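All remarks here apply to the structure that follows.
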Amino acid sequence: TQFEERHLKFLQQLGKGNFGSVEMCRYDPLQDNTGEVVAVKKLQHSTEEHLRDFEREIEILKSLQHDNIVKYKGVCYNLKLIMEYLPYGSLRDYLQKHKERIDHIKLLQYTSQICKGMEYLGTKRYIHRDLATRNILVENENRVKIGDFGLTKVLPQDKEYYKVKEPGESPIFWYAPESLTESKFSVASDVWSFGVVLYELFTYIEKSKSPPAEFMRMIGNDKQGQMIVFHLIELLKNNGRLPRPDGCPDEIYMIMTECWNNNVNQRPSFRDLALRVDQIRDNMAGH
Ligand SMILES: CCn1c(C(=O)N(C2CC2)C2CC2)cc2c3c(ncn3C)c(Nc3cc(C)n(C)n3)nc21
């Protein structure tokens, strides 16, 4: 549960995301090259505010035990979070690399797993706030896991939403309209973002088809910066939405459009999304 820095052998930089950085290391206390490979998360720049947020993130991950949630292994005290290493990396990269071999029934198997991991977060009153394929990891060809909790918040005991406005770049093209306008995050805004994840999956991460590329096309690429959010809010209010991805069945696009309801209370639950996705999977498989 306690890892010693001296036995953490650097192997490679895996990625960066919102003030965090993840590396692949071998934890080799015997110094005989038999230790397991682990993923290590650290702050790119240490500040008291980022350290307090990182400590809360660690406590959140340690509290989660689910097949579709990356496993917490421990800490290294320059605080570092030690997690299991997942050999296939992000679902965003994996899908882009294997698009010719991943069919719709496989995309739905991954979709169902993301729904189950999200419903489990919901039982703990945790709001992920950053659902996107870049934040989902691939354990093997048959299993994905929610792979980062850097923006995850715990709902207050007496409210169904949490208001936050973080400095830094926010993933506005995955945000629910009430998150853009009122900085309100909830299980319902995670469902909106889940709809964007489902869109990402069915586009197979085709560059010109990404949510930022499609929304910027609809808003106009000429739009400033501070004005992008303003125009995005107006577009969503007017029921402007990401288009049906090429080859996506109507039934699947309908799930996305239902997640993208402006009325927060009308969005489906993660339990109903899992039922719906599993029913469609069953239909496609015949059994
Ligand atoms: C996709 C890179 N990455 C990340 C990562 O940057 N972030 C953001 C926060 C900085 C989280 C995923 C949002 C984490 C992990 C990770 C991995 N295994 C466990 N964890 C925990 C992994 N494996 C792999 C294997 C290989 C070969 N690659 C390329 N990546 N890549 C990761």
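Positions are given from 1 along the sequence. Values below: every heavy atom of this structure, side chains too, minus hydrogens, waters and symmetry copies.
- Under a 4.0 Å N-O distance rule, the pair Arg56/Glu59 does not qualify as a salt bridge.
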Identify all side-chain donor-acceptor contacts of residues 278-286 below 3.5 Å with residues at least two apart in sequence or on another chain.
from   : atom 1 : to     : atom 2 : distance (Å)
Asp278 : OD1    : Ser112 : OG     : 2.8
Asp278 : OD1    : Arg281 : NH1    : 2.8
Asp278 : OD2    : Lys116 : NZ     : 3.0
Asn283 : ND2    : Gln279 : O      : 3.4

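- Remark: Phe149 engages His128 in a ring-ring contact (aromatic ring centres under 6.0 Å, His included) (not counting sequence neighbours).
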Should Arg26 and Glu36 be marked as a salt bridge (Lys or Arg N to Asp or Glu O under 4.0 Å) after you check the CA-CA gap, both sets of side-chain angles, and the distance that decides it?
CA-CA 6 Å; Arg26 172 167 228 147; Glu36 63 180 338; over 6 Å; no

Between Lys145 and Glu84, is the salt bridge (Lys or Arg N to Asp or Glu O under 4.0 Å) condition met? List the steps.
CA-CA 11 Å; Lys145 305 201 188 190; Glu84 64 176 337; 2.7 Å; yes

Is there a ring pair (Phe, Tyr, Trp, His ring centres under 6.0 Å) between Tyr88 and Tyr94? Walk through the geometry before answering.
CA-CA 7 Å; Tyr88 292 89; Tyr94 185 80; 5.5 Å; yes

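- For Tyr253, the ring-ring contact (aromatic ring centres under 6.0 Å, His included) test picks out no residue, with sequence neighbours left out.
- Remark: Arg217 pairs with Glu214 by the salt bridge (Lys or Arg N to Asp or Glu O under 4.0 Å) rule, at least two apart or across chains.
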Stepwise side chain to side chain donor-acceptor pair (under 3.5 Å) check, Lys106 with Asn142:
CA-CA 8 Å; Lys106 180 59 80 173; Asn142 284 305; 2.7 Å; yes

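- Remark: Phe270 engages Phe194 in a ring-ring contact (aromatic ring centres under 6.0 Å, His included) (not counting sequence neighbours).
- Ion pair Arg276/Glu251 not flagged as a salt bridge, since none of the NZ, NE, NH1 or NH2 atoms sits closer than 4.0 Å to an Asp/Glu carboxylate oxygen.
- Listed by chain and number, the residues in a side-chain hydrogen bond (donor to acceptor under 3.5 Å, both in side chains) with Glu200 are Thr133, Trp174 (sequence neighbours excluded).
- The cationic atom of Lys99 (NZ for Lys, CZ for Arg) does not lie both less than 6.0 Å from the six-membered ring centre of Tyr204 and within 45° of the ring axis.
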Stepwise side chain to side chain donor-acceptor pair (under 3.5 Å) test for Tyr175 and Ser189:
CA-CA 7 Å; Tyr175 273 17; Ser189 60; over 6 Å; no

